[PDB]
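Residue numbers begin at 1 in each chain, while the letters A, B, ... track the order of the sequences. These values consider heavy atoms only, across backbone and side chains, with no hydrogens, waters or symmetry-generated copies.
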Amino acid sequence: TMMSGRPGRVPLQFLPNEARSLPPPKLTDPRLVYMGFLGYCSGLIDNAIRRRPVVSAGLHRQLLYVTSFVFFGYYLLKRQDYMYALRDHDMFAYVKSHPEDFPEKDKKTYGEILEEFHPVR
Amino acid sequence: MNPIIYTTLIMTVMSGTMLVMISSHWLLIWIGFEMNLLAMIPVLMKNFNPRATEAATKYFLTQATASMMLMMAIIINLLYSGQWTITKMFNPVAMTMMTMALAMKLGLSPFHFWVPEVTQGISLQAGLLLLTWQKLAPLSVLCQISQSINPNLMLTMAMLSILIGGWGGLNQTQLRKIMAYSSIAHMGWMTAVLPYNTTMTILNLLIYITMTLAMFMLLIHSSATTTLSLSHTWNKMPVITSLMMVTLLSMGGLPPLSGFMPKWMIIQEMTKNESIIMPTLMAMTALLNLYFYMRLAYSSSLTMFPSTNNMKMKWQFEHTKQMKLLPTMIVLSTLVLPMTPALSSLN
Amino acid sequence: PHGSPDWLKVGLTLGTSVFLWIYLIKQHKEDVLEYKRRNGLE
Amino acid sequence: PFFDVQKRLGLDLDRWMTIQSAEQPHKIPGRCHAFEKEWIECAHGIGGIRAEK
Amino acid sequence: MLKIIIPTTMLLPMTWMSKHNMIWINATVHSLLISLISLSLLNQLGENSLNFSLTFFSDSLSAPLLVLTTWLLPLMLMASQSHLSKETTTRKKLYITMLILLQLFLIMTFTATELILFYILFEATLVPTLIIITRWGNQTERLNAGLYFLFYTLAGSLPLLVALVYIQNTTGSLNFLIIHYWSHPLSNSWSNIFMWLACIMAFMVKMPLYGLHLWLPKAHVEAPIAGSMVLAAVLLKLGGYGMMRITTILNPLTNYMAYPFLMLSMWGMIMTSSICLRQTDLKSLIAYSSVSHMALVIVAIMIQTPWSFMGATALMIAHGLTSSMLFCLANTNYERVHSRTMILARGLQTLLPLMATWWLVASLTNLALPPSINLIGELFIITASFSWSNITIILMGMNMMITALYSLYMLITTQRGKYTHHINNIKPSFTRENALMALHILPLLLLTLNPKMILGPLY
Amino acid sequence: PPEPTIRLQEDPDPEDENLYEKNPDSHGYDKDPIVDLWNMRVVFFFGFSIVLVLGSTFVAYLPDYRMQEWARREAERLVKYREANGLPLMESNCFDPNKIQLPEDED
Amino acid sequence: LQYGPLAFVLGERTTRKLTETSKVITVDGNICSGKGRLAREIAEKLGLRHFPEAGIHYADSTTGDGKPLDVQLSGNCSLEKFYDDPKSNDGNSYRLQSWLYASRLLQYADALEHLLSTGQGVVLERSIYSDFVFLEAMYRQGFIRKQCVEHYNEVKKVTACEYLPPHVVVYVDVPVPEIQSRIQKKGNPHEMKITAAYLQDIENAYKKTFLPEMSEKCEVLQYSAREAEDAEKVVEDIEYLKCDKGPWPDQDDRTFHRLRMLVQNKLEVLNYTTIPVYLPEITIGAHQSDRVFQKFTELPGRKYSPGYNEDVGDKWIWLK
Amino acid sequence: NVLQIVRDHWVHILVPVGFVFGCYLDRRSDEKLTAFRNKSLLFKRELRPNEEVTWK
Ligand SMILES: CCCCCCCCCCCCCCCCCC(=O)OC[C@H](COP(=O)([O-])OCC(O)COP(=O)([O-])OC[C@@H](COC(=O)CCCCCCCCCCCCCCCCC)OC(=O)CCCCCCCCCCCCCCCCC)OC(=O)CCCCCCCCCCCCCCCCC
Ligand SMILES: CCCCCCCCCCCCCCCCC[C@@H](O)O[C@H](CO[C@H](O)CCCCCCCCCCCCCCC)COP(=O)(O)OCC[N+](C)(C)C
Ligand SMILES: CCCCCCCCCCCCCCCCC[C@@H](O)O[C@H](CO[C@H](O)CCCCCCCCCCCCCCC)COP(=O)(O)OCC[N+](C)(C)C
Ligand SMILES: CCCCCCCCCCCCCCCCC[C@@H](O)O[C@H](CO[C@H](O)CCCCCCCCCCCCCCC)COP(=O)(O)OCC[N+](C)(C)C
Ligand SMILES: CCCCCCCC/C=C/CCCCCCCC(=O)OC[C@H](COP(=O)(O)OCCN)OC(=O)CCCCCCC/C=C/CCCCCCCC
Ligand SMILES: Nc1ncnc2c1ncn2[C@@H]1O[C@H](COP(=O)(O)OP(=O)(O)O)[C@@H](O)[C@H]1O
């Protein structure tokens, strides 16, 4: 799946307009919480490197790190969900438009299938 | 040099890379490569000494030869098809020569010999720039013409790069040579997935660039270029040694660290294409990179080496210049495994 | 050295954080409303 | 990799020099103008793979 | 399952925000409380499993291992409290952080609905153990031991990742439930043979198998007491759990495939039990006894009968507790003697009678005295092997005899006889050490009242 | 040979410190007697009192989710019924053959 | 705005600060000579800044409080023990020499920084130049080994290859018996034990190596005890002479920018004073290093950065 | 003394808060697997006069 050549794709569009039809990630999304945790860890390591009280040196700096991480994570998650939605839409459309390549398998019950039995001895 | 001149040269390097990345005409790509080559030379020679001059002239020779091969490939492609657009290569070994030129530019085996020498000769900042920024343009071109490449040659050079990096890193006591061999092995890992998925190549590039930035900034902060010189860092900045050890473990590909994400994905991708033996061999060979990373970790933070008396004076001073992005680089190169599916963003 | 808390940088940092949070909340509200209107929920 | 700035902005930085049959000065034709015109028209929008076959 | 995971995660900020002289007290109390919380998982069903969510499930094979993993942490903290006395607060906090991370990785490993998540956590457990071994180690060979432990594991496990991603590419899912319900026979093919080898060798190396057991004496001898405890009690059982989980896909190929391993383990238990007879080291002797027990567990898993699986589970739990107790006793001797050689300090029963009683109980439970769960697993595995083949018993017989021998040998060399005249720094045993031994031994004699609680899902 | 025969400036190896000498009733937990005694108390209470006793009682009185008495009663009722009917206890076939469709050989 | 590339780009040029009076000058005297008195009068008369000779705890005077730290936490050596037992078993002699050279390097860096940032000249006692004469005397008397002087030469080359030599070197010349007499008249019991051979080697060393090598790249004023008493003639000689043979006239704005970035960031100035070459007189084991570093950390105002120490009295920590 | 022992004993509250938070998260994750509630062939049951869901 190389989607660079997809027809009707704006070159440098981070989030296309049709992505607005997808549900946005919730503000309490676990991945957003993880990005905020990453920002908090970045703040702690920043305090540790510059030889400052790790937990309580700069509250504004740690808050800025967490907020920026959450912002970028929200937009990145939006783009991720949009790209996966595009992949699924393309796969379903291709399956619909090529019936001969995806035949409907005849439903068969185990009572009429013969599976070889290997005893455990 | 004059800071204005240095800023202008850095902007010229970046503008050459961007010209390579945004242009659709082969001549403009070659011109961007020429611009980057021209503006890179003084950066390698910011600190004037015979070592830096030797490194710069070796780099210039290799890159000029690569540019000449690139132009010959372009001209043969034009001869067999009157096209200048960067597309399918349209021809036999014209593509082979294009691949060889791009491999020499990237430093892939068997054209790996110049990377350790140039990295050892230049300082740590020049080495950082050389090993991080100078990979974007050739990899972008390779990603553009990936459907043209013969998989046999690309995979052969990738496996050679991995093997040579793994073996050559074992014998080094200098940190810059270790970084150069690490770069060679990582490029080998990157180019083995180009025939199958360029997104995985870009993901590996991003992860490797983050790890290399963190490692080089940690090495600059504790200004050591040798294993023993690095062994004295614990007596002043133990937290730096701990962060360095964690980053080295991440670069070794250990889960759950961030550096595990590319190889994993790459292996996964290569299994979708009915390829098993090469992923197995690549993992077993990256074990060597892990071994010499682990030796450096032993010498760095897991053991306390003897110190010197004058070290006491260094206890009384603090670094005047502080790197702002270092904390972020460490976190991104250490703790981004759970965000793996974000690679669908076509990074 | 001998320095006071730089109120300029503190003010800039707090303002940037608050502006980013407010813009994120507004963007989330607009995205929710636009998605509902596009899919015809409410 | 390739960041298609020209298409996004409509700049035409280097597309004028890519093919023989694209607005030569004084309307001087290439030696293979008709063949390249036919090949380009045939392969437009088909894609490289179907285009190649 | 998060009701266990979240407190374990909260253990870290609590430790790092603790007062400089209250870390041990806070850590032990909250670890014991988390262990109590873990006890809820033991009430399993005869039906499928305790599927909490899409990410984590519980099983009566997973529940005893989870309970043991939770219970081990307070014991490790109490054991480590002694030799970390002259150490800075930051490094003690780092040690406790490493122990907490190891527990968290093990807890997530044992639930692990998906095989790739299981592999990721299974290899994530490697880093804290390596750092504990190579940082807070006494001798100069801790670096070589850490290198051996890392590289044996990774050489074994790198093919496993390729095999897993290939299996997901073909089948379409790595989920345990889907794999069990959709299992299909493997044709006897060279590719299938190599897939079987890649799926099995990673768990075989960590048991470890007799051929691949070299890393273990180094890692056990050079690690601190907490490292030895976690290696002998929990980290060795990861291979057995992985084999029991992954063997379902392997059949019917396992029967032909199992012979090289069955022979290696049946001869290696004898070899290692015999090695135990001529040893100059307590820690090496305990390590080789662990190797013998895990070789028997390998035999049980490879036979792959219900009684085999129940015996393997019971033996894993019993061996974990017994080996942790034995290492604790050896460390109590070492902290007084600083030599860690059996023949130097002798006749300790005269000087330390209660500690000699603890030694006797530990050696008896290592000897598999009935009706202890050690012998329950021993006998179930022996009966299953006899049903597999009536000749195996002979080897098993030798093993039992040899085991008893070296066990009592270790009891006789250090506790009986005449005390060395020169050593005079043997102080009376502390309340902490006696509490450690009591907390090690009481769960075994409580579990022998309810064996079904540790007999696995095939009960 | 004017070498000092000393490889480096090193602290002497300290002797082991006894917790009993400076404090009888030392419990082997800490050098501070108050922290010592409280650590002993919390370990004893949260290990022997809470976990070993309450947890053992909880495990002992766990409800029958394994369904052992349920299975016993089911078997009792089933055998009571089968003996009366004259049915031969447990059947050899786990599934009824009428709903299994074998493949005809014709060899 | 701390000095950096941005300041140099915008306004900061140090060529305009030079007003022909900077003239870095170093004065060297033999043991018990009045070099300090002459240098202080030179600084007062010419309007320059005097730098007291760097001691064991010179670095302590510039970091945190000016009060010196403990001997074990700063220097781990004493001059009194060197005088009492110059052939001591623990190698205190070369440790003393190395610490003194490092302190002199720090002092030279600080003087250069002040001269470049303000334009006001400085006056110095024995600098990194001519500090080797004590090394030579200590070697000849048998106080130190040849490995010690090899290590000193390595460190001195690597460090001193980065600085501009002093404009004028002023030497006061005094006889050996006279300086010995001044030594007894001083009254220091430890100083009483200096042998005539040591002073002769040291005195001899200045003439044999220091004058000839610095005469080719500096301007030298050899003075005797009597004529060094009056500083009017000294300042007159300083003002009359003009320096055109050293590296200073060849320097420009960018060289000064590089030198000013060099003298700042003292950590990189002292980078090569701790090179990984293991001499038993100076190498320190892991356990002692850890314990001493922990003790240094437990100092009142040394656990954190200078502005982030609560016990000293720094406020608004949570908002800096 | 209140407001003084808190500054030293505040850490103890963290493990129990994590436990209750984990219980809440387990229930919340459970809430997302209700697609087959009162639909299994083994337990199809008619709702009580004052019952809405068989299990929560
Ligand atoms: C699985 C996911 C879940 C867990 C996540 C895991 C990761 C999480 C954390 C990630 C990183 C962030 C923090 C690290 C920054 C480093 C700072 C530091 O060192 O600590 C000092 C600091 C205390 O010291 P200090 O007084 O400030 O000054 C002393 C100096 O800082 C320093 O003093 P010093 O320099 O004199 O001491 C020297 C020492 C100091 O050197 C260090 O300690 C370096 C720090 C470790 C390196 C970090 C690398 C990056 C992160 C990688 C994590 C790896 C995880 C993957 C598994 C692999 C394991 C390696 O170094 C050495 O001793 C040398 C040898 C060390 C031995 C070998 C090195 C192994 C280190 C690997 C550690 C990995 C786990 C780290 C966990 C956190 C540790 C702080 O610690 C803290 O107080 C911060 C801890 C966290 C704060 C918790 C606050 C939250 C509580 C309130 C909120 C409630 C939460 C719930 C909300 C709702 C409830 C109501
Ligand atoms: C190592 C961790 C990753 C961190 C990377 C650095 C983070 C800072 C970057 C700051 C924001 C960058 C976004 C750029 C703004 C607009 C981008 C937009 O215009 O470009 C689009 C593309 O968007 C960007 O490519 C997305 C970049 C996002 C990278 C995140 C993925 C990281 C991998 C998973 C690890 C988790 C990291 C989480 C912590 C940051 C259009 O691309 P297109 O012209 O059509 O085709 C070219 C690309 N092709 C050829 C591959 C198809
Ligand atoms: C070192 C410490 C212990 C490490 C672990 C050791 C355990 C791993 C050893 C693997 C066990 C055997 C591997 C393959 C067994 C296949 C069965 C074979 O032995 O029997 C005959 C096979 O004949 C011969 O064995 C052919 C193979 C000969 C080449 C193998 C090398 C023999 C010795 C090498 C041992 C080195 C192992 C370690 C390598 C590093 C049957 O003949 P055939 O009907 O035709 O084949 C049936 C299989 N089919 C159906 C798939 C075709
Ligand atoms: C000091 C000298 C002796 C003094 C004391 C004298 C008194 C001796 C009495 C002590 C033992 C003698 C035998 C008497 C046994 C009577 C009690 C027994 O019957 O109860 C058992 C109950 O014991 C429990 O089943 C076993 C204990 C649980 C073990 C869990 C371990 C505790 C957690 C700690 C951490 C775990 C670490 C190890 C990880 C796996 C068996 O119960 P069960 O027959 O079934 O059915 C009970 C009734 N029902 C039907 C209503 C349910
Ligand atoms: C000591 C461990 C036991 C080692 C026993 C053999 C050692 C000698 C082997 C050395 C490495 C050999 C590398 C190449 C092996 C090739 C096997 C192979 O390709 O099979 C892959 C097979 C089928 O291939 P396809 O082409 O996709 O099928 C289509 C047509 N049917 O698919 C798979 O099962 C993939 C699984 C990966 C195979 C594992 C390869 C490594 C060897 C197995 C592990 C054994 C060594 C373990 C090391 C022990 C150290 C603790
Ligand atoms: N390179 C050196 N090696 C050893 N000792 C030195 C060195 N440089 C200076 N000193 C010591 O500095 C002390 C003071 O110097 P000096 O000029 O003789 O006295 P004063 O400060 O009163 O003028 C002297 O006792 C001398 O030994």
| said: Does any part of the side chain of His118(A), heavy atoms only, come nearer than 4.5 Å to the side chain of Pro185(E), both counted from C-beta? | reply: yes
| said: Checking side-chain polar atoms at under 3.5 Å, does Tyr241(E) have a donor or acceptor matched by the opposite partner on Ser62(E)? | reply: yes
| task | Would you indicate whether the side-chain heavy atoms of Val162(E) and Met270(B) approach each other to under 4.5 Å? | result | no
| Side-chain donor or acceptor of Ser38(E) paired with backbone N/O of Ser35(E) under 3.5 Å | yes
| Atom pair NZ (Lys452(E)) and OG (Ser60(E)), whose distance is rounded to the nearest 0.5 Å | 12.0 Å
| query | Can you list the steps and then say if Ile298(E) with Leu264(E) is a side chain to side chain contact (heavy atoms under 4.5 Å, CB included)? | reply | CA-CA 10 Å; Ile298(E) 289 177; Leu264(E) 268 173; over 6 Å; no
| field | Heavy-atom pair with the smallest gap, counting every atom of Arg142(E) and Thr134(E) | value | NE-O, 3.2 Å
| Near-ring test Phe52(E)/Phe56(E), centroid separation under 6.0 angstrom | no
| field | Under 3.5 Å donor-acceptor, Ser265(E) side chain and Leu262(E) backbone | value | no
| query | Does any non-hydrogen side-chain atom of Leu161(E) lie less than 4.5 Å from one of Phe260(B)? | reply | yes
| task | Taking all heavy atoms of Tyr288(E) and all of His213(E), pick out the closest pair and write down the distance. | result | CE2-NE2, 3.7 Å
| task | Measure the spacing between CE of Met302(E) and OG of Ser385(E) and express it to the nearest 0.5 Å. | result | 12.5 Å
| query | Is it true that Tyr291(B) and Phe151(E) have ring centroids separated by less than 6.0 Å? | reply | yes
| request: Please step through side chain to side chain donor-acceptor pair (under 3.5 Å) for the pair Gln44(E) and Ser58(E), ending with a clear verdict. | output: CA-CA 8 Å; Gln44(E) 298 292 331; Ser58(E) 166; 2.7 Å; yes
| task | Using the six-membered ring of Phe110(E), assess whether NZ or CZ of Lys237(E) lies under 6.0 Å from its centre and within 45 degrees of the ring axis. | result | no
| message | Are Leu281(B) and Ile277(B) packed together at the side-chain level, in the sense that at least one heavy-atom pair is separated by less than 4.5 angstrom? | response | yes
| If you take all heavy atoms of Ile246(E) and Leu250(E), which pair is closest and at what distance? | O-CG, 3.7 Å
| query | Below 4.5 Å, heavy atoms only, C-beta onward: do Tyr459(E) and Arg66(F) meet side chain to side chain? | reply | yes
| task | Determine whether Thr113(E) and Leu54(E) make a side-chain contact, defined as any pair of heavy atoms from C-beta on separated by less than 4.5 Å. | result | no
| task | Can you sort out the partners of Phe380(E) under ring pair (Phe, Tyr, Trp, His ring centres under 6.0 Å), two or more places apart, ordered by chain and number? | result | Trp307(E)
| request: Test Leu72(E) against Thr69(E) for side chain to side chain contact (heavy atoms under 4.5 Å, CB included), laying out the working first. | output: CA-CA 5 Å; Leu72(E) 208 74; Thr69(E) 300; 5.9 Å; no
| task | For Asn175(E) and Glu114(E), work out which heavy atoms get closest and say how close. | result | N-CG, 4.3 Å
| note | CD1 (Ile373(E)) and CG (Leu379(E)) are apart, to the nearest 0.5 Å, by 14.0 Å
| Can you tell if the side chain of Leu68(E) reaches within under 4.5 Å of the side chain of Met316(E), non-hydrogen atoms only? | no
| field | Pairwise distance CG(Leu335(B)) to OG(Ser250(B)) - rounded to 0.5 angstrom | value | 8.5 Å
| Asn192(E): what forms a side chain to side chain donor-acceptor pair (under 3.5 Å) with it, not counting sequence neighbours? | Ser187(E)
| message | Using side chain to side chain contact (heavy atoms under 4.5 Å, CB included), reason through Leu238(E) and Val234(E) one step at a time and then give a plain yes or no. | response | CA-CA 7 Å; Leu238(E) 274 182; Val234(E) 180; 5.5 Å; no
| query | What do the steps show when you test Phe122(E) against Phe203(E) for ring pair (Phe, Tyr, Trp, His ring centres under 6.0 Å), and what is the final call? | reply | CA-CA 10 Å; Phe122(E) 178 81; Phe203(E) 310 117; 5.7 Å; yes
| query | Yes or no on side chain to side chain contact (heavy atoms under 4.5 Å, CB included) for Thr334(B) and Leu249(B), after CA distance, side-chain angles and deciding distance? | reply | CA-CA 9 Å; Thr334(B) 293; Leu249(B) 290 193; over 6 Å; no
| What heavy-atom pair brings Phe309(E) and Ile301(E) nearest, and what distance separates the two atoms? | CE1-O, 4.0 Å
| field | Between NE2 on residue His440(E) and OG1 on residue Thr365(E), distance to nearest 0.5 Å | value | 12.0 Å
| task | Return yes if some donor-acceptor pair links the side-chain N/O of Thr392(E) with the main-chain N/O of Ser389(E) below 3.5 Å, else return no. | result | yes
| Has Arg245(E) got its NZ or CZ under 6.0 Å from the middle of the six-membered ring of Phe176(E), at an angle within 45 degrees of the ring axis? | yes
| message | Could you report the tightest heavy-atom contact between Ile225(E) and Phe327(E), atom names first, then the distance? | response | CD1-O, 3.3 Å
| remark: Given the options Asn374(E), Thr272(E), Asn366(E), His293(E) meets side chain to side chain donor-acceptor pair (under 3.5 Å) only with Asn366(E)
| task | Give a yes or no on whether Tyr148(E) atom OH has more than 12 heavy-atom contacts from other residues, nucleotides or ligands under 6.0 Å away. | result | no
| field | Donor-acceptor pair between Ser173(E) and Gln168(E) side chains, under 3.5 angstrom | value | no
| Among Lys283(E), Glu222(E), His220(E), the one residue meeting side chain to side chain donor-acceptor pair (under 3.5 Å) with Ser228(E) | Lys283(E)
| task | Spell out, as yes or no, whether a donor-acceptor pair under 3.5 Å connects the side chain of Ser289(E) to the backbone of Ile286(E). | result | yes
| Between CG on residue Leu130(E) and CE on residue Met98(E), distance to nearest 0.5 Å | 9.0 Å
| said: Please identify which of these residues, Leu73(E), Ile107(E), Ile37(E), meets the side chain to side chain contact (heavy atoms under 4.5 Å, CB included) condition with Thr8(E). | reply: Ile107(E)
| said: Tell me whether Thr247(E) contacts the main-chain N or O of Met243(E) through its side chain, where contact means a donor paired with an acceptor under 3.5 Å. | reply: yes
| query | Picking from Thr153(E), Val230(E), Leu106(E), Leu104(E), what satisfies side chain to side chain contact (heavy atoms under 4.5 Å, CB included) with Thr125(E)? | reply | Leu106(E)
| Between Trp196(E) and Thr254(E): side-chain donor-acceptor atoms closer than 3.5 Å | yes
| field | Worked verdict on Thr271(B) versus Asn169(E) for side chain to side chain donor-acceptor pair (under 3.5 Å) | value | CA-CA 7 Å; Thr271(B) 58; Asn169(E) 279 338; 2.6 Å; yes
| Would you find more than 12 non-hydrogen atoms of other residues, nucleotides or ligands less than 6.0 Å from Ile178(E) atom CD1? | yes
| task | Answer whether the closest heavy-atom distance between the side chains of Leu41(E) and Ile4(E) falls below 4.5 Å. | result | yes
| task | Show your reasoning for whether side chain to side chain donor-acceptor pair (under 3.5 Å) applies to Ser273(E) and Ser292(E). | result | CA-CA 6 Å; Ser273(E) 290; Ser292(E) 298; 3.2 Å; yes
| message | So, using side-chain contact (heavy atoms from CB on, under 4.5 Å) as the criterion, who are the partners of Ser29(H) when residues are at least two apart? | response | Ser53(E)
